[PDB]
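>>> So I pulled this structure from the PDB, and the sequence comes with it:
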Amino acid sequence: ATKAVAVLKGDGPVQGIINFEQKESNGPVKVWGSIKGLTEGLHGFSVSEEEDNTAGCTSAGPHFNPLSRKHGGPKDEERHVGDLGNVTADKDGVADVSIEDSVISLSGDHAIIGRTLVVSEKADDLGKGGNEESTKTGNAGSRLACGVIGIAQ
Ligand code: NA
Ligand code: NA
Ligand SMILES: [Zn+2]
Ligand SMILES: [Zn+2]
Ligand SMILES: [Zn+2]
Ligand SMILES: [Zn+2]
């Protein structure tokens with residue numbers, strides 16, 4: 001199996017450690033971990049295309065979209081590879097991530113390793129909003145924390 005870790009950091013209090021695992025090179029990817037420092041409620045969770053400046057949040061933003069699709073929720077047929085929906089933070093600001101995804105991969109031509117994991121200020125509207133921007137980013141507001149998806153050491 002192949003594994004990765006992203007350490008999420010930003011300018012504010014949001015931080016977390018997110019794990020990835022994929023048993024077969026074309027198998028589902030499991031994603032898990034906790035993010036703290038969030039406001040209670042839904043927060044957009046995505047893989048950005050950025051693979052150069054993956055440290056800050058400044059250069060991230062455009063979702064990883066190697067197949068030139070429109071933005072959607074993770075279970076939509078039409079979605080970016082980087083569209084991982086929302087995570088939910090509880091009352092004391094902790095969101096637990098538990099995702100199984102069929103579109104991301106840690107191997108091959110479009111591997112998410114090296115790309116930037118991002119947690120955002122607001123809910124991802126899953127591409128169901130009333131403007132073109134919904135179909136690009138889901139209108140999830142500012143990026144609160146991000147980090148490179150690195151191969152596990
Ligand atoms: Na960072
Ligand atoms: Na964009
Ligand atoms: Zn490049
Ligand atoms: Zn770049
Ligand atoms: Zn390609
Ligand atoms: Zn997207």
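The structure has been received and is ready for your questions. Numbering: from 1, shown residues only. Ligands and ions are numbered 1, 2, ... in the order given.
>>> any idea which helix or strand carries the most centrally placed residue in the chain?
Taking Cα atoms, centre = their mean, the centroid of the chain lies closest to residue 46, which sits 2.3 Å from it. Using DSSP states H and E, residue 46 maps to strand 41-48.
>>> Report how many residues lie close to residue 23.
Neighbour count of residue 23, defined by other Cβ atoms under 10 Å: 11. Yep, even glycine has a C-beta here, placed from its N, CA and C like the rest.
>>> same thing with the one 3 residues further on?
Applying the criterion other Cβ under 10 Å, we find 9 residues in the vicinity of residue 26.
>>> still on that earlier bit, mind saving the C-alpha coords of the strand holding residue 46 as CSV?
C-alpha atoms of strand 41-48 as CSV (Å, rounded to 0.1, in the frame of the first residue of the first chain):
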residue,chain,number,x,y,z
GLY,A,41,-19.9,23.9,11.1
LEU,A,42,-19.1,22.9,7.5
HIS,A,43,-15.7,23.6,5.9
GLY,A,44,-14.7,23.0,2.3
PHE,A,45,-12.0,20.4,1.9
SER,A,46,-10.1,20.1,-1.4
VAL,A,47,-6.9,19.3,-3.2
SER,A,48,-5.5,22.3,-5.0
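>>> Done for today, thanks.
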